[PDB]
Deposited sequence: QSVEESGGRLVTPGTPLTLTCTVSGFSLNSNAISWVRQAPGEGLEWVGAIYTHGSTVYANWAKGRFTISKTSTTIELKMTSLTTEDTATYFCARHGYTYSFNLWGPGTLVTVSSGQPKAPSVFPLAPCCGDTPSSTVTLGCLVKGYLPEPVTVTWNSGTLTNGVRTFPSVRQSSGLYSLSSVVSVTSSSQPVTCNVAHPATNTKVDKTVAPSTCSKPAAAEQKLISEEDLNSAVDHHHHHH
């Protein structure tokens, strides 16, 4: 039993867009669904809900910019009058009979910005020797977020440290990942552009 959000992307202010929540292993005829948004570094904000009979309710703050609708397997969230202030992760959540949420998706990211999508550029981090060395990848110049960073296709996981992203003046993002090892490859995915970069890091 699961829910999963899709449709998060980079849009310019004033561009309308539709997110989709896809449900698995339960009926929307017996289970209500909410949309919940979270701006980067900020709190969970209830957007609204669609009840079993198709009725909808919205948070006071929505002010008619959000419309929720459903089919048998999906719930859509349609959003309008987006400004940069609407940049946020959007979750869908299944209602429990306890009037709390019992199932969440991973979230999908709406980025409201000037700028065009950009794939990351990956550069090795190596010291200017022991048996053990810390090496890394610098991941820079990407938009929108996120990237994922794995090592040797996920076979190297111990002591991997991946830092939170930073937005440069250009509006592009940057982060680093480092790992201690005894040849290592960092695997960077940018789902927004379907881009997969592999960088072998030579000591």
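Stretches of the deposited sequence lacking C-alpha coordinates, numbered from 1: 129-132, 187-190, 212-241.
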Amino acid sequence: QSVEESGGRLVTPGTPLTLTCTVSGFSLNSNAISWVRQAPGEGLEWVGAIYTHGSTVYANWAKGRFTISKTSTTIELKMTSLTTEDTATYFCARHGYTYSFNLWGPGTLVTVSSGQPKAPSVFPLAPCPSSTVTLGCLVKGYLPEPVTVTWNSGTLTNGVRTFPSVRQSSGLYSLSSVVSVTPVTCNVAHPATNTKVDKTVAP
From here on, numbers count along this sequence of modelled residues.
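Per-stretch averaging of Cα B factors for 105-113 and 84-92 places 84-92 on top. In this entry, 155-163 shows the higher mean Cα temperature factor of the pair 155-163 and 139-147. Among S27, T67, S170, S174, the highest C-alpha B-factor in the deposited entry belongs to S170. The entry assigns its greatest Cα B factor, within the set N187, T20, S180, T195, to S180.
The deposited CA B-factor of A59 belongs to the middle third of values across its chain. Sort the modelled residues of the chain by CA B factor and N31 lands in the middle third. Placement of the Cα temperature factor of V133 within the chain: highest third of the modelled residues, per the deposited record.
Among the modelled residues of the chain, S72 sits in the highest third by CA temperature factor in this PDB entry.
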